[PDB]
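Quick heads-up: the C-alpha cells below are two forms of one chain, split into structure 1 and structure 2.
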Structure 1
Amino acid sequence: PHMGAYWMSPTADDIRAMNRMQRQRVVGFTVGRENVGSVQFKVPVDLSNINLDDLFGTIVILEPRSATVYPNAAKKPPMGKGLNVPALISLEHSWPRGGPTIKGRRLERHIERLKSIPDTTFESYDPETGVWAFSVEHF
C-alpha cells in the first residue's frame, strides 16, 4: 500500500492553544491521511479528553478504502460523545473495477452500489478523482 501522513484540522497546535471552553466544542474537526481520505465530524466535538498525539492509528484509523473510528468496542464512548458522532467520510481510490476509464453503464452501476451501502448517506462520487463521500451517524 502507498499511504502518506495523517493530519488533522484544526491542527494539533491550534487545539493545544485553545482554552478549555474552545477545546470542548471544536467545529469541523477533521482527521485525514494523504492518499487515503478523511473523516470530518459533522457536529462540534469535545477534544478535552482526547490525546491529540495518540489519535492517528489509535482512535481514527485510515487505511486504503477504509475509515475506522474506535476500533475497540470496549473503549467506544456512547453515541453523541467523544468522536462517536455523525461524520462525513471521503475515500479516495473508490473506482469501479477497471479503474478511471470505466464510464457509461458500468460506472453508473458502481455509483448505484455506493449509494446503497447500508448505514451510509451518499453525498457524492467524483468520477474524475475516484472520491466517494458519504455520511454515517455513529461508529
Structure 2
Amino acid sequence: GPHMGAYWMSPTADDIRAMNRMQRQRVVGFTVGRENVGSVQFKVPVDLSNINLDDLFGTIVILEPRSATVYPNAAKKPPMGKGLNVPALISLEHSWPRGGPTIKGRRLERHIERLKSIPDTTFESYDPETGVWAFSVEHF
C-alpha cells in the first residue's frame, strides 16, 4: 500500500496566476507531480490560459501509484498540440516487477525489456535501486 502524497505543480499555481495574458500562454518547464508517486514534465511551453489551476489535480492530470494519466476523459481531450496534450517526460515511482523490489536475474532484465516495449512511450531509464521508471510520450 504505497503512500499517496500531495499533488504539486511547478511553476506553482500562485506563480502562474501572477503571469500576464502573454506569459500564461507559454508556461515553460511546466511540471505536475505527486509526492511518492511521480511527475509529468511537459517538454514544451504550454498554454494554461484556458485551464483551471484549481481543478487540475485529479481532473486533468491523475497521478496514482504506478499510473499517470493526462486528460482521462477521451471526449474532452484537446487536439494534439493544444493544452497539455503535448510531449512530456513522465517518471513513475514503484515501477518494479510486481514480484517486488527484491527481483533480480533474468526476471529483472525481462521487466526492463517490457518497459521498453510499452507502446506510445520512449524509454528513458529504469533504476532498480529506486524503482523509478522514466519515459517520454509525444501526446496523450
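For clarity, a rigid core is taken as the largest C-alpha set superposing within 1.5 Å between two forms. Residue 1 is the first residue of structure 1, and the numbers go on in sequence order from there.
K.L.:
Is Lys81 one of the residues whose C-alpha moves 2 Å or more between structure 1 and structure 2 after the core fit?
P.N.:
Shift at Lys81: below 2 Å after core fit.
K.L.:
Hey, does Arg97 budge by 2 Å or more at the Cα between structure 1 and structure 2 once the core is superposed?
P.N.:
Yes, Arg97 moves 2 Å or more.
K.L.:
Does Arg65 show a Cα shift reaching 2 Å between structure 1 and structure 2 after rigid-core superposition?
P.N.:
Shift of 2 Å or more: no.
K.L.:
So with the rigid core superposed, the C-alpha of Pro118 shifts by how many Å between structure 1 and structure 2?
P.N.:
On core superposition, this C-alpha lies 0.9 Å from its counterpart.
K.L.:
Hey, core superposed, how many Å does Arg106 shift at the CA between structure 1 and structure 2?
P.N.:
C-alpha shift for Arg106: 2.3 Å.
K.L.:
With both forms put on the same core, how far apart in Å are the CA positions of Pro127 between structure 1 and structure 2?
P.N.:
Its C-alpha position differs by 1.3 Å.
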